[PDB]
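Listing of entry.cif; format and content: mmCIF, C-alpha atoms.
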```
data_data
loop_
_atom_site.label_atom_id
_atom_site.label_comp_id
_atom_site.auth_asym_id
_atom_site.auth_seq_id
_atom_site.Cartn_x
_atom_site.Cartn_y
_atom_site.Cartn_z
CA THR A 333 32.92 91.45 227.78
CA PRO A 334 35.82 90.57 230.09
CA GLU A 335 36.56 87.17 228.58
CA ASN A 336 36.07 88.53 225.06
CA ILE A 337 38.53 91.35 225.74
CA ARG A 338 40.99 88.84 227.18
CA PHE A 339 40.76 86.76 224.01
CA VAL A 340 41.21 89.89 221.88
CA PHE A 341 44.35 90.79 223.82
CA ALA A 342 45.65 87.25 223.35
CA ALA A 343 45.01 87.54 219.61
CA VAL A 344 46.82 90.87 219.28
CA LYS A 345 49.74 89.49 221.30
CA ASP A 346 49.90 86.52 218.93
CA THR A 347 49.82 88.84 215.92
CA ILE A 348 52.75 90.79 217.36
CA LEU A 349 54.55 87.50 217.95
CA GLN A 350 54.09 86.47 214.32
CA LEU A 351 55.34 89.89 213.21
CA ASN A 352 58.42 89.52 215.40
CA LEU A 353 59.15 86.07 214.00
CA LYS A 354 58.78 87.47 210.48
CA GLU A 355 61.20 90.32 211.19
CA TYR A 356 63.90 87.76 212.08
CA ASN A 357 63.27 85.65 208.96
CA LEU A 358 63.01 82.78 211.46
CA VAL A 359 59.33 82.14 210.64
CA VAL B 25 103.61 75.99 201.03
CA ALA B 26 101.53 77.65 198.33
CA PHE B 27 98.35 75.85 199.40
CA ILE B 28 98.52 77.11 202.98
CA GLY B 29 99.03 80.73 201.94
CA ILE B 30 96.32 80.45 199.28
CA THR B 31 93.71 78.96 201.64
CA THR B 32 94.32 81.72 204.21
CA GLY B 33 94.47 84.88 202.09
CA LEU B 34 91.20 84.08 200.35
CA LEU B 35 89.51 83.38 203.69
CA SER B 36 90.81 86.63 205.17
CA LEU B 37 89.66 88.64 202.15
CA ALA B 38 86.23 86.99 202.23
CA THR B 39 85.72 87.66 205.94
CA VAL B 40 86.96 91.25 205.71
CA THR B 41 84.81 92.15 202.71
CA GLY B 42 81.74 90.38 204.10
CA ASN B 43 81.88 92.22 207.41
CA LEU B 44 82.80 95.56 205.83
CA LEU B 45 79.81 95.30 203.50
CA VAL B 46 77.47 94.82 206.47
CA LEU B 47 79.10 97.67 208.39
CA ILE B 48 78.68 100.01 205.41
CA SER B 49 75.12 98.82 204.74
CA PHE B 50 74.08 99.66 208.30
CA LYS B 51 75.06 103.25 207.39
CA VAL B 52 74.39 103.01 203.64
CA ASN B 53 70.60 102.74 203.84
CA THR B 54 67.91 104.06 206.18
CA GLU B 55 65.92 100.79 206.12
CA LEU B 56 68.32 98.63 208.17
CA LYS B 57 68.85 101.27 210.89
CA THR B 58 66.23 99.51 213.02
CA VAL B 59 67.33 98.94 216.61
CA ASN B 60 67.15 95.18 216.08
CA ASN B 61 70.17 95.45 213.75
CA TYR B 62 72.64 96.88 216.29
CA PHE B 63 73.59 93.42 217.54
CA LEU B 64 74.33 92.43 213.94
CA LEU B 65 76.55 95.49 213.57
CA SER B 66 78.53 94.69 216.73
CA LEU B 67 78.95 91.07 215.65
CA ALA B 68 80.13 92.17 212.20
CA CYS B 69 82.64 94.60 213.73
CA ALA B 70 84.09 91.90 215.99
CA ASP B 71 84.32 89.46 213.08
CA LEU B 72 86.02 92.13 210.96
CA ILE B 73 88.58 92.74 213.70
CA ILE B 74 89.30 89.01 213.81
CA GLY B 75 89.53 88.69 210.03
CA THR B 76 91.76 91.73 209.58
CA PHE B 77 94.16 91.43 212.54
CA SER B 78 94.22 87.70 213.43
CA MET B 79 93.74 85.42 210.41
CA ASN B 80 96.41 87.13 208.30
CA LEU B 81 98.79 87.60 211.23
CA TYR B 82 98.31 84.00 212.44
CA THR B 83 98.93 82.67 208.95
CA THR B 84 102.12 84.74 208.89
CA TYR B 85 103.35 83.16 212.13
CA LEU B 86 102.32 79.65 211.06
CA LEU B 87 104.06 79.92 207.68
CA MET B 88 107.39 80.88 209.25
CA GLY B 89 108.83 79.35 212.42
CA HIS B 90 108.34 82.11 214.99
CA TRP B 91 106.51 85.33 215.83
CA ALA B 92 109.72 87.35 215.75
CA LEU B 93 107.84 90.64 216.08
CA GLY B 94 108.98 90.85 219.72
CA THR B 95 107.52 90.19 223.16
CA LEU B 96 105.26 93.25 222.79
CA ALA B 97 103.64 92.44 219.45
CA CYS B 98 103.06 88.79 220.35
CA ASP B 99 101.27 89.55 223.62
CA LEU B 100 99.28 92.45 222.18
CA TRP B 101 98.12 90.51 219.12
CA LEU B 102 97.23 87.54 221.32
CA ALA B 103 95.16 89.69 223.67
CA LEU B 104 93.42 91.39 220.75
CA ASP B 105 92.62 88.03 219.16
CA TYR B 106 91.17 86.53 222.33
CA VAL B 107 89.20 89.68 223.14
CA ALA B 108 87.74 89.68 219.63
CA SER B 109 86.83 85.99 219.87
CA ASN B 110 85.00 86.43 223.16
CA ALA B 111 83.35 89.56 221.77
CA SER B 112 82.01 87.46 218.90
CA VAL B 113 80.76 84.77 221.28
CA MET B 114 79.11 87.33 223.57
CA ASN B 115 77.43 89.06 220.63
CA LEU B 116 76.10 85.72 219.37
CA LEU B 117 74.77 84.92 222.85
CA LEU B 118 73.16 88.36 223.12
CA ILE B 119 71.49 87.92 219.73
CA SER B 120 70.15 84.59 220.98
CA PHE B 121 68.84 86.23 224.16
CA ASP B 122 67.09 88.96 222.19
CA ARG B 123 65.58 86.37 219.86
CA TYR B 124 64.23 84.39 222.81
CA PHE B 125 62.83 87.45 224.58
CA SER B 126 61.22 88.77 221.38
CA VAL B 127 58.95 85.72 221.04
CA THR B 128 58.02 85.02 224.69
CA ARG B 129 57.37 88.58 225.97
CA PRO B 130 56.31 90.39 222.79
CA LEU B 131 54.49 93.40 224.22
CA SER B 132 56.46 93.58 227.48
CA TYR B 133 59.89 93.29 225.87
CA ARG B 134 59.15 95.46 222.84
CA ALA B 135 57.86 98.19 225.17
CA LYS B 136 60.54 97.72 227.88
CA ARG B 137 63.63 98.38 225.73
CA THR B 138 64.25 101.30 223.37
CA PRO B 139 67.51 102.42 221.71
CA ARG B 140 70.00 103.29 224.48
CA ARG B 141 69.12 100.17 226.48
CA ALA B 142 70.23 98.02 223.55
CA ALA B 143 73.45 99.99 223.12
CA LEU B 144 73.92 99.69 226.88
CA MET B 145 73.66 95.90 226.66
CA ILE B 146 76.07 95.74 223.72
CA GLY B 147 78.61 97.88 225.54
CA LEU B 148 78.14 95.77 228.66
CA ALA B 149 78.91 92.59 226.72
CA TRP B 150 81.97 94.18 225.13
CA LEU B 151 83.24 95.39 228.51
CA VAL B 152 82.61 91.96 230.01
CA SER B 153 84.73 90.36 227.30
CA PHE B 154 87.51 92.93 227.71
CA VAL B 155 87.63 92.69 231.51
CA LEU B 156 87.56 88.89 231.38
CA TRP B 157 90.40 88.52 228.87
CA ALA B 158 92.53 91.59 228.17
CA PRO B 159 93.66 92.41 231.74
CA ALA B 160 94.48 88.93 233.01
CA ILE B 161 96.94 87.97 230.27
CA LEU B 162 99.21 91.03 230.45
CA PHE B 163 98.89 91.42 234.21
CA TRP B 164 100.03 87.80 234.53
CA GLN B 165 102.90 88.46 232.13
CA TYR B 166 103.91 91.29 234.47
CA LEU B 167 103.25 89.48 237.77
CA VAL B 168 104.38 85.91 237.00
CA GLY B 169 107.90 84.78 237.85
CA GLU B 170 108.91 85.48 234.26
CA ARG B 171 107.46 85.53 230.76
CA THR B 172 108.53 81.96 229.96
CA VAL B 173 106.83 80.68 226.80
CA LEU B 174 109.56 80.52 224.16
CA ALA B 175 112.05 82.68 222.28
CA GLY B 176 109.79 82.57 219.21
CA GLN B 177 106.51 81.06 220.36
CA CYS B 178 103.29 82.99 220.98
CA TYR B 179 101.02 80.52 222.80
CA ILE B 180 99.55 81.86 226.04
CA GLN B 181 101.19 80.70 229.26
CA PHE B 182 97.76 80.43 230.91
CA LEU B 183 97.22 77.14 229.08
CA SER B 184 98.86 75.40 232.07
CA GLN B 185 96.26 76.29 234.69
CA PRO B 186 93.76 73.57 235.66
CA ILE B 187 91.78 76.05 237.75
CA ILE B 188 92.07 78.88 235.20
CA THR B 189 92.45 77.41 231.70
CA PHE B 190 89.57 74.97 232.15
CA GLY B 191 87.65 77.63 234.05
CA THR B 192 88.13 80.27 231.37
CA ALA B 193 87.28 77.84 228.58
CA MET B 194 84.09 76.79 230.36
CA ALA B 195 83.01 80.36 231.14
CA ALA B 196 83.73 81.32 227.52
CA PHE B 197 82.08 78.51 225.53
CA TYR B 198 80.64 75.87 227.85
CA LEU B 199 78.07 78.36 229.17
CA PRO B 200 76.93 80.03 225.90
CA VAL B 201 77.15 76.76 223.92
CA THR B 202 74.31 75.49 226.13
CA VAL B 203 72.38 78.70 226.77
CA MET B 204 72.02 79.21 223.02
CA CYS B 205 70.83 75.63 222.59
CA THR B 206 68.25 75.87 225.38
CA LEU B 207 66.97 79.25 224.23
CA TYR B 208 66.59 78.17 220.60
CA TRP B 209 64.91 74.91 221.63
CA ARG B 210 62.41 76.93 223.67
CA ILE B 211 61.90 79.22 220.67
CA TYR B 212 61.11 76.20 218.49
CA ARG B 213 58.65 74.88 221.08
CA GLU B 214 56.95 78.27 221.47
CA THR B 215 56.63 78.77 217.71
CA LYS B 216 54.99 75.36 217.37
CA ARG B 217 52.64 76.18 220.25
CA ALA B 218 52.18 79.65 218.77
CA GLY B 219 50.87 78.15 215.54
CA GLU B 220 48.59 75.76 217.41
CA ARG B 221 47.06 78.41 219.67
CA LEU B 222 46.79 80.78 216.70
CA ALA B 223 44.76 78.24 214.73
CA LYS B 224 42.49 77.68 217.72
CA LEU B 225 42.12 81.43 218.26
CA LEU B 226 41.31 81.95 214.57
CA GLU B 227 38.61 79.29 214.72
CA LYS B 228 37.11 80.97 217.78
CA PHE B 229 37.26 84.31 215.97
CA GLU B 230 35.38 82.77 213.05
CA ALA B 231 32.74 81.54 215.50
CA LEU B 232 32.64 84.79 217.49
CA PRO B 233 30.35 87.71 216.57
CA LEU B 234 31.88 90.67 214.76
CA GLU B 235 30.17 93.52 216.63
CA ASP B 236 31.38 92.09 219.94
CA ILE B 237 34.86 91.82 218.43
CA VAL B 238 34.81 95.51 217.52
CA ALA B 239 33.46 96.54 220.92
CA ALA B 240 36.07 94.51 222.80
CA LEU B 241 38.90 95.85 220.64
CA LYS B 242 37.75 99.44 221.17
CA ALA B 243 37.42 98.95 224.93
CA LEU B 244 40.90 97.41 225.15
CA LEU B 245 42.37 100.23 223.06
CA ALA B 246 40.74 102.93 225.20
CA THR B 247 42.55 101.67 228.32
CA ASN B 248 45.90 102.36 226.70
CA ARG B 249 48.67 100.38 228.37
CA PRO B 250 52.42 101.06 228.05
CA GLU B 251 52.83 98.42 225.32
CA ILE B 252 49.42 98.22 223.63
CA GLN B 253 50.08 101.57 221.97
CA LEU B 254 53.42 100.27 220.68
CA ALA B 255 51.80 97.13 219.28
CA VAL B 256 49.12 99.23 217.60
CA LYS B 257 51.80 101.45 216.06
CA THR B 258 53.78 98.47 214.79
CA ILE B 259 50.76 96.75 213.27
CA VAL B 260 49.40 99.90 211.63
CA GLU B 261 52.77 100.88 210.16
CA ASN B 262 53.41 97.34 208.89
CA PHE B 263 49.90 96.77 207.48
CA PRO B 264 50.91 97.51 203.84
CA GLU B 265 53.46 94.70 204.07
CA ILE B 266 50.87 92.30 205.51
CA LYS B 267 48.43 92.94 202.68
CA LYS B 268 51.11 91.91 200.18
CA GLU B 269 51.15 88.50 201.86
CA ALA B 270 47.40 88.30 201.14
CA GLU B 271 48.13 87.47 197.50
CA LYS B 272 50.32 84.63 198.75
CA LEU B 273 47.20 83.46 200.57
CA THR B 274 45.00 81.13 198.55
CA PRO B 275 42.07 82.66 196.63
CA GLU B 276 39.88 79.83 197.97
CA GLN B 277 38.86 82.02 200.93
CA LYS B 278 39.57 85.53 199.62
CA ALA B 279 35.81 86.11 199.81
CA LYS B 280 36.02 85.90 203.60
CA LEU B 281 38.74 88.55 203.83
CA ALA B 282 36.99 90.80 201.32
CA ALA B 283 33.71 90.58 203.24
CA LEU B 284 35.43 91.22 206.57
CA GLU B 285 37.03 94.33 205.09
CA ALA B 286 33.68 95.41 203.64
CA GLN B 287 31.96 95.44 207.03
CA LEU B 288 35.13 96.96 208.51
CA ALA B 289 35.04 99.88 206.05
CA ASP B 290 34.07 102.18 208.91
CA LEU B 291 36.54 102.96 211.69
CA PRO B 292 39.26 103.62 209.10
CA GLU B 293 42.52 103.11 211.01
CA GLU B 294 42.03 102.36 214.71
CA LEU B 295 39.82 99.29 214.15
CA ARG B 296 40.07 98.42 210.45
CA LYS B 297 43.87 98.27 210.33
CA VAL B 298 44.32 96.14 213.45
CA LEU B 299 41.29 93.95 212.75
CA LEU B 300 42.41 93.12 209.21
CA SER B 301 46.05 92.66 210.19
CA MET B 302 44.91 90.22 212.90
CA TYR B 303 42.42 88.23 210.82
CA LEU B 304 44.87 87.94 207.92
CA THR B 305 47.75 86.68 210.06
CA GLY B 306 45.47 84.24 211.86
CA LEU B 307 44.10 82.83 208.61
CA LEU B 308 47.51 82.64 206.93
CA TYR B 309 49.56 81.10 209.76
CA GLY B 310 46.95 79.01 211.57
CA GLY B 311 45.35 77.47 208.50
CA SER B 312 45.87 73.71 208.61
CA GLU B 313 48.72 71.21 208.60
CA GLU B 314 49.63 72.16 205.02
CA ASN B 315 51.03 75.60 205.88
CA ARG B 316 51.77 75.17 209.58
CA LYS B 317 53.95 72.12 208.92
CA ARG B 318 55.91 73.95 206.23
CA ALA B 319 56.42 76.96 208.50
CA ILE B 320 57.61 74.90 211.46
CA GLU B 321 59.92 72.84 209.25
CA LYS B 322 61.46 75.99 207.77
CA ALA B 323 61.97 77.51 211.21
CA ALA B 324 63.52 74.31 212.55
CA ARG B 325 65.85 74.02 209.56
CA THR B 326 67.05 77.61 209.90
CA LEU B 327 67.53 77.20 213.65
CA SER B 328 69.42 73.93 213.21
CA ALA B 329 71.70 75.41 210.56
CA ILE B 330 72.54 78.48 212.65
CA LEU B 331 73.20 76.44 215.79
CA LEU B 332 74.99 73.42 214.34
CA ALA B 333 77.34 75.59 212.27
CA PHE B 334 78.75 77.39 215.31
CA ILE B 335 78.57 74.32 217.57
CA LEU B 336 80.62 72.22 215.12
CA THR B 337 83.08 74.95 214.09
CA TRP B 338 83.95 76.12 217.62
CA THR B 339 84.63 72.69 219.13
CA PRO B 340 87.95 72.01 217.33
CA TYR B 341 89.62 74.04 220.10
CA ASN B 342 87.44 73.74 223.24
CA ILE B 343 87.70 69.95 223.57
CA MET B 344 91.34 69.82 222.42
CA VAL B 345 92.30 72.31 225.15
CA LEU B 346 90.13 70.58 227.76
CA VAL B 347 92.12 67.39 227.16
CA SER B 348 95.34 69.44 227.06
CA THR B 349 95.40 69.84 230.85
CA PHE B 350 93.96 66.33 231.18
CA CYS B 351 96.29 64.10 229.12
CA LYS B 352 99.58 66.08 229.20
CA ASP B 353 100.97 65.99 225.61
CA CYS B 354 98.10 64.09 224.00
CA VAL B 355 97.54 66.18 220.85
CA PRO B 356 99.86 66.60 217.85
CA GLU B 357 101.14 70.18 217.54
CA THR B 358 100.35 69.96 213.83
CA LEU B 359 96.65 69.53 214.69
CA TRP B 360 96.35 72.48 217.10
CA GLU B 361 96.75 74.90 214.19
CA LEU B 362 93.73 73.30 212.50
CA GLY B 363 91.32 74.15 215.32
CA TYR B 364 92.97 77.55 215.58
CA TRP B 365 92.08 78.14 211.94
CA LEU B 366 88.60 76.65 212.41
CA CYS B 367 87.68 79.29 214.99
CA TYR B 368 88.55 82.05 212.52
CA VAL B 369 86.62 80.09 209.88
CA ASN B 370 83.58 80.40 212.11
CA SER B 371 84.22 84.12 212.42
CA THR B 372 84.06 84.25 208.62
CA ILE B 373 80.82 82.35 207.96
CA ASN B 374 79.04 84.20 210.79
CA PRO B 375 78.11 87.40 208.89
CA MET B 376 76.92 85.30 205.95
CA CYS B 377 74.71 83.09 208.12
CA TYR B 378 73.33 85.91 210.29
CA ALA B 379 72.97 89.05 208.12
CA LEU B 380 72.06 87.88 204.61
CA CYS B 381 69.14 85.80 205.91
CA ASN B 382 67.25 89.01 206.72
CA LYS B 383 66.90 89.43 202.91
CA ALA B 384 66.94 93.24 203.13
CA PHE B 385 70.73 93.05 202.96
CA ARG B 386 70.52 90.25 200.38
CA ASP B 387 69.69 92.80 197.67
CA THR B 388 71.15 95.96 199.23
CA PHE B 389 74.67 94.52 199.42
CA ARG B 390 74.48 93.36 195.80
CA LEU B 391 73.22 96.76 194.65
CA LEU B 392 76.03 98.50 196.53
CA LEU B 393 78.54 96.09 195.00
CA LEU B 394 77.25 96.96 191.52
CA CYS B 395 77.65 100.62 192.66
CA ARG B 396 74.10 101.41 191.45
#
```
Please rewrite the model in this file as structure tokens.
Amino acid sequence: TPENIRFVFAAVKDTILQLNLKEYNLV
Amino acid sequence: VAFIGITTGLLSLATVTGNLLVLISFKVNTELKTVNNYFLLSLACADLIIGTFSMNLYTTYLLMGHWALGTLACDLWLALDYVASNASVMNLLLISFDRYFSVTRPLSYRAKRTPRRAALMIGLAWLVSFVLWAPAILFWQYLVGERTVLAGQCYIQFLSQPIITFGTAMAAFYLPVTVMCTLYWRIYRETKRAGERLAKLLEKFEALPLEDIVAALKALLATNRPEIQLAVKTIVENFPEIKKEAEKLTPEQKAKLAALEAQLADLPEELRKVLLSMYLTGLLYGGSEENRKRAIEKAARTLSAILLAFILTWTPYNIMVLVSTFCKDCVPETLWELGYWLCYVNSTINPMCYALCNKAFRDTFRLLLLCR
């Protein structure tokens, strides 16, 4: 559903953000 | 006399070897070639230039009473030193900008900049530094009434310019010394909020149905966007690394992850990889206060170290030259040389405090040093 897909996109964006923080060792 | 020469040679050797090791490592292994490391390489090159052509040569002039290498050598060395210093500052600022834009626009930024664009930005910063500093000094030497500094001195004549000296100093450090602070403060805020909204999202995920999760993920993936494909590629290629962090995760809830994988056995890569790499990161970094507090404290400590080091090492000159055209002869000439040396000192610590932290160099440099 629209809202569900929006939440999924938010979650994947957050996962990418955590990955990016990890890659800088700035976690 | 011995102490001065012994505290400068060791510093020069340390800076030179530290930056040369990074420069070689960037072309000594295929693992650090990532585009994110180009800024580190430029910063290391600028620091190496400083440590190999300024620290030793400044110590030479400070030990004796005059830079008797002639009006050419003095001006050229001075221009090279200032250009290298501003190159270092610009590279630090650019690294800060990339750090800020890599946590606030993850998909957009990661998908809106590939290779050449980064090299373009690095070259732009270098050219900005060169155009700001190198031309003005020598063009003034040629266009001023006369090159009137001293028969053996090497200090720049631009120091007596309320509209220029203060202006240059501000545009060189007063702007980046605050942009870096603001950007890193925003990064700290957005990594606290990131943890909070990740914990909330993970709780909602736990409450949400699984079949709907799969359907929504598949529908989002089908409408491939410019960046969603890149994020999928990154997550899938990194997944083996993420799983290793699973062991670090407590076994108290390993049943949940195992079960989620069990139902996710189908859809091998497109759904299973992303779904697991999302659930695992959510569980591990949202968690509760126990882990979130430790993570935020570690991030804040690293940020504070990186910032404070530069901010406290690069102020022994900025403020002393701001007063210089404010209080006439207010400083002791003996002190000036201390801030002069402190700037170089910054240029030395910088590779250590920026490159080793990545921890892929931490072992690679040691292995290269052992030659095996």
(request) Output the residue selection produced by the PyMOL selection byres ((chain A) within 6 of (chain B)) on the file above, formatted as a PyMOL selection string. (result) chain A and resi 337+347+349+357-359
Just want the 8 Å neighbourhood of stretch 187-193 of chain B, counted on all atoms listed in the file, with same-chain residues fewer than 6 positions away dropped. Output as a JSON list (two decimals) with C-alpha atoms, keeping the file's coordinate frame.
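File written: result-v4.json
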```json
[["chain", "number", "residue", "atom", "x", "y", "z"],
["B", 342, "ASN", "CA", 87.44, 73.74, 223.24],
["B", 345, "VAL", "CA", 92.30, 72.31, 225.15],
["B", 346, "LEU", "CA", 90.13, 70.58, 227.76],
["B", 349, "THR", "CA", 95.40, 69.84, 230.85]]
```
Please return the centre and edge lengths, in Å to one decimal, of a box with edges along x, y and z that contains all listed atoms of stretch 337-342 of chain A, widened by 6 Å on every side, as JSON.
```
{"center_x": 42.1, "center_y": 89.1, "center_z": 224.5, "size_x": 19.1, "size_y": 16.6, "size_z": 17.3}
```
Which residues are near stretch 174-183 of chain B? Cut-off 6 Å, all atoms listed in the file, ignore same chain within fewer than 6 positions. Put them as a PDB file with C-alpha atoms, in the coordinates of the input.
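Ended up saving to result_22.pdb:
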```pdb
ATOM      1  CA  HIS B  90     108.340  82.110 214.990  1.00  0.00           C
ATOM      2  CA  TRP B  91     106.510  85.330 215.830  1.00  0.00           C
ATOM      3  CA  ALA B  92     109.720  87.350 215.750  1.00  0.00           C
ATOM      4  CA  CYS B  98     103.060  88.790 220.350  1.00  0.00           C
ATOM      5  CA  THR B 189      92.450  77.410 231.700  1.00  0.00           C
TER       6      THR B 189
END
```
(message) Take the PyMOL selection byres ((chain B and resi 45) around 12), run it mentally on this structure, and tell me the resulting residues as an MDAnalysis selection string.
(response) chainID B and resid 37:44 46:53 65 68:69 72 375:376 379:380 385:393
(message) For a test of reading the model, state the distance in Å between atom CA of residue B:107 and atom CA of residue B:154, rounded to one decimal.
(response)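 According to the coordinates, atom CA of residue B:107 and atom CA of residue B:154 are separated by 5.9 Å.
One finds atom CA of residue B:95 at 10.2 Å from atom CA of residue B:173.
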Could you please fill out stretch 96-114 of chain B with N, CA, C and O atoms and send it back as a JSON list (two decimals), in the frame of the given file?
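result.json written:
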```json
[["chain", "number", "residue", "atom", "x", "y", "z"],
["B", 96, "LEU", "N", 106.38, 92.32, 222.73],
["B", 96, "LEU", "CA", 105.26, 93.25, 222.79],
["B", 96, "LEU", "C", 104.19, 92.85, 221.79],
["B", 96, "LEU", "O", 103.01, 92.69, 222.15],
["B", 97, "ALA", "N", 104.58, 92.73, 220.52],
["B", 97, "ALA", "CA", 103.64, 92.44, 219.45],
["B", 97, "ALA", "C", 102.93, 91.12, 219.70],
["B", 97, "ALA", "O", 101.72, 91.02, 219.51],
["B", 98, "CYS", "N", 103.68, 90.10, 220.12],
["B", 98, "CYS", "CA", 103.06, 88.79, 220.35],
["B", 98, "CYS", "C", 101.96, 88.88, 221.39],
["B", 98, "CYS", "O", 100.82, 88.46, 221.15],
["B", 99, "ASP", "N", 102.27, 89.46, 222.56],
["B", 99, "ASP", "CA", 101.27, 89.55, 223.62],
["B", 99, "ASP", "C", 100.10, 90.42, 223.20],
["B", 99, "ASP", "O", 98.94, 90.07, 223.46],
["B", 100, "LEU", "N", 100.37, 91.55, 222.55],
["B", 100, "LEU", "CA", 99.28, 92.45, 222.18],
["B", 100, "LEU", "C", 98.36, 91.81, 221.15],
["B", 100, "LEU", "O", 97.13, 91.87, 221.28],
["B", 101, "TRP", "N", 98.94, 91.19, 220.12],
["B", 101, "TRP", "CA", 98.12, 90.51, 219.12],
["B", 101, "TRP", "C", 97.32, 89.39, 219.76],
["B", 101, "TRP", "O", 96.15, 89.19, 219.43],
["B", 102, "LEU", "N", 97.94, 88.64, 220.68],
["B", 102, "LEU", "CA", 97.23, 87.54, 221.32],
["B", 102, "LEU", "C", 96.04, 88.05, 222.13],
["B", 102, "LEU", "O", 94.94, 87.50, 222.05],
["B", 103, "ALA", "N", 96.25, 89.12, 222.90],
["B", 103, "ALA", "CA", 95.16, 89.69, 223.67],
["B", 103, "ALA", "C", 94.06, 90.21, 222.76],
["B", 103, "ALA", "O", 92.87, 89.99, 223.03],
["B", 104, "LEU", "N", 94.43, 90.89, 221.68],
["B", 104, "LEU", "CA", 93.42, 91.39, 220.75],
["B", 104, "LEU", "C", 92.62, 90.25, 220.15],
["B", 104, "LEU", "O", 91.39, 90.32, 220.04],
["B", 105, "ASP", "N", 93.30, 89.17, 219.76],
["B", 105, "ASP", "CA", 92.62, 88.03, 219.16],
["B", 105, "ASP", "C", 91.63, 87.41, 220.13],
["B", 105, "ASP", "O", 90.48, 87.14, 219.78],
["B", 106, "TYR", "N", 92.07, 87.16, 221.37],
["B", 106, "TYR", "CA", 91.17, 86.53, 222.33],
["B", 106, "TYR", "C", 90.01, 87.44, 222.69],
["B", 106, "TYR", "O", 88.87, 86.98, 222.84],
["B", 107, "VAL", "N", 90.27, 88.74, 222.84],
["B", 107, "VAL", "CA", 89.20, 89.68, 223.14],
["B", 107, "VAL", "C", 88.18, 89.68, 222.00],
["B", 107, "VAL", "O", 86.97, 89.69, 222.24],
["B", 108, "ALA", "N", 88.66, 89.69, 220.76],
["B", 108, "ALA", "CA", 87.74, 89.68, 219.63],
["B", 108, "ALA", "C", 86.93, 88.39, 219.59],
["B", 108, "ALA", "O", 85.73, 88.41, 219.29],
["B", 109, "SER", "N", 87.56, 87.25, 219.87],
["B", 109, "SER", "CA", 86.83, 85.99, 219.87],
["B", 109, "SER", "C", 85.73, 85.99, 220.91],
["B", 109, "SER", "O", 84.58, 85.62, 220.62],
["B", 110, "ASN", "N", 86.04, 86.41, 222.14],
["B", 110, "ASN", "CA", 85.00, 86.43, 223.16],
["B", 110, "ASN", "C", 83.96, 87.50, 222.86],
["B", 110, "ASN", "O", 82.79, 87.33, 223.23],
["B", 111, "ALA", "N", 84.34, 88.58, 222.20],
["B", 111, "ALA", "CA", 83.35, 89.56, 221.77],
["B", 111, "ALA", "C", 82.37, 88.93, 220.78],
["B", 111, "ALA", "O", 81.16, 89.15, 220.87],
["B", 112, "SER", "N", 82.89, 88.14, 219.84],
["B", 112, "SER", "CA", 82.01, 87.46, 218.90],
["B", 112, "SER", "C", 81.07, 86.50, 219.62],
["B", 112, "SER", "O", 79.87, 86.47, 219.34],
["B", 113, "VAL", "N", 81.60, 85.73, 220.57],
["B", 113, "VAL", "CA", 80.76, 84.77, 221.28],
["B", 113, "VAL", "C", 79.70, 85.50, 222.09],
["B", 113, "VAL", "O", 78.53, 85.10, 222.11],
["B", 114, "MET", "N", 80.08, 86.58, 222.78],
["B", 114, "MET", "CA", 79.11, 87.33, 223.57],
["B", 114, "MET", "C", 78.04, 87.95, 222.69],
["B", 114, "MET", "O", 76.87, 87.97, 223.06]]
```
